[PDB]
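The form deposited without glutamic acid (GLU) is given below as one chain in structure tokens.
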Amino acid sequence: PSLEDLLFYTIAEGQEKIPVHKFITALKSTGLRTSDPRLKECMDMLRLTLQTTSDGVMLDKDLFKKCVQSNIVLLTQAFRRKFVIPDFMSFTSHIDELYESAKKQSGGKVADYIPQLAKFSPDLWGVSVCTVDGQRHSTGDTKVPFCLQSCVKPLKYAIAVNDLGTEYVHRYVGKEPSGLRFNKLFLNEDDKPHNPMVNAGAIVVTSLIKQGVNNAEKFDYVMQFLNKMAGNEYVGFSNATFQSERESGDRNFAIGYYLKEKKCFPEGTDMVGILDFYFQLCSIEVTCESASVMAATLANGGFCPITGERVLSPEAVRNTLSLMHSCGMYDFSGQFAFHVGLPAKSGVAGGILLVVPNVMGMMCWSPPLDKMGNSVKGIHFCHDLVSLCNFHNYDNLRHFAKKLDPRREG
């Protein structure tokens, strides 16, 4: 027997003749994109053999094999419906329905406390799925860059725990939701910020990453770390957003001075520089598609699903997912934990970094915020998503009433 032949005869019409477009169409049907990095050798070989002629354009058993052999394990998985969502084409059809149902929710207000945020049309709206196996789907304005803003707080927290461990990091920042009556003050009883997802805790977390090197290096390191997380999809930087976040961060300066007086930073911290580094991190740019891969790294235990690279240690990913469960949607965190039951993080640009652990990462993005600061359409989509599929964290994987389970072929 032979692994590449057995797959060949499957894609074949039971015949000696596989058009190349047919193989590409059959591959996309699994949800993988031809640009998938773990498929490069195969796609390289297809480019080679499609240069060989122009009156081709078709693969023998051994020429087909000549392309796929380097990537055969991944390709057989895709075609033998081994992926976490076997019938992904039906799943994207539901994601499209949900997208159009949230698209009709044109409420909310675009953040206008800085020009870069207020310029954004209230009509932009995108949703991008990337499963733990790299299957990709997008509806809407998914390639438009926007700033992460607070959506960066879990990513940097995970960096910090990845490099330093849980015990050190939580010498400086708590582990618990603050919660709603006291969503205003800065420090819990132990004089630490309540958790990494509030501004004070985010600011403290910023002060732990790559201590010793300067802010130009530190930002470089976070970018490289973020690139690993997105499988080298789009990550960028809005200097405009940086400058206006910087020129109007009085509450952030208040927090930094308060944390300094309270001795909240590690020894040898330059607080005013950390605020600058914090403003930079908030201005990092992503798209729906590329942020969805970062979310899929978190859904996948710290392995980037479209490169296979270990990016975050599993301690880091669990801690971060834990804190996004209870602290990730501002004052809506408890409501969201209760009704959506998914680790998520929103940001003022309108992003919601959403994680279905073991299944998929998602990024939703619609600039109009509700009065708690969360994207209206993003919040609506998250609710529908879990009304549809047994993705709620305490849904039962066996008895789940009439919710749909996309992990099953039935």
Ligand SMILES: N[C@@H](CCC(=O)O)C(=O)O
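By rigid core we mean the largest C-alpha set that fits within 1.5 Å across both forms. When you see a residue number, it is the position in the sequence shown, counting from 1. Only residues modelled in both forms are compared.
With reference to the PDB entry, specify whether the mean Cα temperature factor is higher for 154 to 162 or for 76 to 84.
The entry gives the higher C-alpha B-factor average to 76 to 84.
Decide which of the stretches 308 to 316 and 121 to 129 has the higher mean C-alpha B-factor, going by the entry.
Of 308 to 316 and 121 to 129, the stretch with the higher C-alpha B-factor average is 121 to 129.
Just grab whichever of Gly108, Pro177, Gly268, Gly273 has the top CA B-factor as deposited.
In this record, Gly268 carries the highest C-alpha B-factor of the candidates.
Using the temperature factors in the entry, find which of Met363, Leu385, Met58, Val359 has the highest value at its Cα atom.
Answer, based on the entry's C-alpha B-factors: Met58.
Among the modelled residues of its chain, does the C-alpha B-factor of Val293 lie in the lowest, middle or highest third?
Tercile = lowest for this residue's CA B-factor.
By its CA B factor, does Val213 count among the lowest, middle or highest third of the modelled residues in the chain?
Highest third.
Could you say whether, by C-alpha temperature factor, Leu63 belongs to the lowest, middle or highest third of its chain?
For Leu63, the deposited C-alpha B-factor lands in the highest third.
Grab the CA temperature factor for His137 from the record and place it in the lowest, middle or highest third of its chain.
Lowest third of the chain for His137's C-alpha B-factor.
Among all modelled residues of this chain, ranked by Cα B factor, put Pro193 in the bottom, middle or top third, i.e. lowest, middle or highest.
It belongs to the middle third of the chain when residues are ordered by C-alpha B-factor.
Below: the form solved in complex with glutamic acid (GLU), not depicted.
Counting any heavy atom within 4.5 Å as contact, can you tell me which stretch out of 287 to 295, 146 to 154, 224 to 232, 124 to 132 lines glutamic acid (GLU) in the deposited bound form?
Flagged stretch: 146 to 154.
Do all of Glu245, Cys282 and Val348 end up near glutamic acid (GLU) in the deposited bound form, with near meaning a heavy atom within 4.5 Å?
Yes, the whole candidate spot contacts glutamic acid (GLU).
Just give me the single entry in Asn71, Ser313, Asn199, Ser326 that has a non-hydrogen atom within 4.5 angstroms of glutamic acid (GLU) in the deposited bound form.
That would be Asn199.
Let me know the one among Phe88, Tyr330, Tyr99, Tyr172 whose heavy atoms come within 4.5 Å of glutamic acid (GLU) in the deposited bound form, would you?
None of the others qualify; the residue that does is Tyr330.
Heavy atoms within 4.5 Å of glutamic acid (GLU) in the deposited bound form: does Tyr113 have any?
Because a heavy atom of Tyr113 falls inside 4.5 Å of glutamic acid (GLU) in the deposited bound form, the answer is yes.
Under a 4.5 Å heavy atom criterion, is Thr269 part of the interface with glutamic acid (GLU) in the deposited bound form?
No, no contact at 4.5 Å.
Would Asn252 sit within 4.5 Å of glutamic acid (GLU) in the deposited bound form, counting heavy atoms only?
Answer yes; at least one heavy atom of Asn252 falls within 4.5 Å of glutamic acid (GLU) in the deposited bound form.
Does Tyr278 reach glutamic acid (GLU) in the deposited bound form if we count a contact as any heavy atom within 4.5 Å?
Result yes; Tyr278 sits at the interface with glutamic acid (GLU) in the deposited bound form.
Please look at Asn358, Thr53, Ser29, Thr34 and say which one has a C-alpha shift reaching 2 Å or more between this form and the one not shown, core superposed.
Looking at each option in turn, only one qualifies, and it is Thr53.
When the two are fit on their core, where are the runs of 3+ residues whose C-alphas each shift at least 2 angstroms between this form and the one not shown?
After superposition, only residues 53 to 56 shift as a run.
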